[PDB]
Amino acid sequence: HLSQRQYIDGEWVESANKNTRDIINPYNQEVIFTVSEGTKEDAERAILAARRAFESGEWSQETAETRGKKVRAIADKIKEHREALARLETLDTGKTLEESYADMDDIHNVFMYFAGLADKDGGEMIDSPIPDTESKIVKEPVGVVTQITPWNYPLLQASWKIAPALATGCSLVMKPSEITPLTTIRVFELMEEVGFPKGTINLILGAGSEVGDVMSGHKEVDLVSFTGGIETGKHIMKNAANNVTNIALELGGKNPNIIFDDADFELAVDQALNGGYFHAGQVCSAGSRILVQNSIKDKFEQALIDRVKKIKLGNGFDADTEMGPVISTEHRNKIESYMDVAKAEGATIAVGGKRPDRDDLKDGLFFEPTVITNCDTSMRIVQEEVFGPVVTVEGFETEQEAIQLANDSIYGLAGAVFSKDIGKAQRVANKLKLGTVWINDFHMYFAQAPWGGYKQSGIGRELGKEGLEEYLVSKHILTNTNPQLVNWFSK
C-alpha cells in the first residue's frame, strides 16, 4: 500500500526517465521495495513548484496559528501510525524496533514543539534613534528550502527539517537518502492527508550524485539544509556559494565520552556501551572516543570489553536483539578498512573488529561491536569518524588533559562528562568546544533545545527556537513619519 513515487507539485509521479531503485533490508540484504529514481529535471521542477507556491502566498501568508494547527495535525498522524512507521524504519535501516519506537515518539514531539512555536514570535519593535521614525523588524519565512537527509535516522532527521519549515511558512523540497526512503515516502502520504497548498511540499527520490547539485545550487533556493557527512557537506556548501545561499549543516562528530575516576563506575560502563553501540554506532551523537582517567583505565577497559562480548546481535524485529547490522556493503567495507588503519598505526583491536560467524547473521551486514585500545590522539582511528560499532579508549591524567584531548579533533558536535563531582563536570563542560555536553548522561537531545556543531561538525542549529530561526529572515521596515528634504544636492 506504500507509494513508490516522488511527490511533486501536488502529484505522485514517477521519475522523468522511469528509472527505479531496489531498496534493501540490511538484516538479510533482501529487496523489500522498489521506488522511482528521479532525475535532475524532476528536482528542478520541484524547486520551481516550491517557488511558485511560495510566491502565491497560500502557505507563506497563511496565519501562523493556522500553520501551527496543520503542523500539529502532522504530529498526530505520526502517533496514529507509530507502529507501522517504526516497523518500516527498522525494515529499512536495520536498527531495533525499540529504537524505532523511541524515534517515533521523538518525531511526534518535534512536530508538536514546532506546531506550538509557530505563532509565538513575529519580530520586534525597535526604539529608533531617529526622531519621527518607526522601526520594526518583521520575521518572514526564509523562502524556498531544500532539505537533504541521511540513512541512519531517516524520519527523525526529516522531521527536524520539515517541522520548522512548515511552521514558518516556507515551501520545501526534501530528498531522503536513496537507500532509505520508506518512512519519508510515508510521511509525505500523511502530510498530503493533512492538506497543504500545491507545491508547498515536494519529495524527490534519487541519488545525491544525480539530483543533489540541483538541490544545493539552484538560484531559487534560499536555504539548503543538510545532515550527513563532512565530505558531502563541504561539497554542498561550495555549490550553495554560487548563489550566496544560506546553509545549515550537521556533519557528525568525534564525540568524547569523558570518564573520571570519581564517576559512578557501573553507570559509566552502561553509558559507554550506549554511546558506542546504539544503532551499531551509526549515530551523529555516538560516543566513539572514550577518554578515561588513568587511575581506572585498566579496570574500565576490562569491564567494557567483558560487556562488549555479551552484546546480542540480531534481527531488529526480534525482542532480544540489542544491536542490528550496519547499513550497506559499502559502509561495512569502510568500517573494515578502518580496522586495518588502526592496526597499521599501532593500535590494538581488543575485541571484535570483524564480521560475526553465526549462521543467522551470515546473510546480513553485521559487524561485531569493537573496542580499540593502546591508541593516541595522533592516530586516524581516533581522529576520524568511523560511524560503526567501534570505540577507542585513551587515558588521561588530569582534568586539564581530558579537556585538551577531547578538544583535539576537527569536530565539535557533542560529548559527555561522567563524575559524581558535579562542580568538576560543570568546569569541564564549559571548556569543551561542543554544541551539546551531557553531565552524567549520553545521547540526550530533544525538540526544546538546539543541536549542532562547533568547528567541522556543522553550521547553524536544528531544534529549539534557534532551529526555527534557520527558516526565518529578518526585514527592517523603517517609516519616516515626518519626511523632510535633505537639500544636500544643489537646486
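Numbering starts at 1 and runs along the sequence shown.
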| property | result |
| --- | --- |
| Mean C-alpha B-factor comparison - 365-373 and 162-170, higher one | 365-373 |
| 445-453 or 58-66, whichever carries the higher mean Cα B-factor | 58-66 |
| Residue, from 92, 98, 106, 385, that the PDB entry assigns the highest Cα B-factor | 98 |
| C-alpha B-factor winner, where the candidates are 222, 401, 119, 140 | 401 |
| Among modelled residues of the same chain, the CA temperature factor third for residue 428 | middle |
| Assigned third (lowest, middle, highest) for the C-alpha B factor of residue 14 | highest |
| Chain-relative CA temperature factor third for residue 287 | lowest |
| Ranked C-alpha temperature factor of residue 358 among modelled chain residues, by third | highest |
| Chain-relative CA temperature factor third for residue 279 | middle |
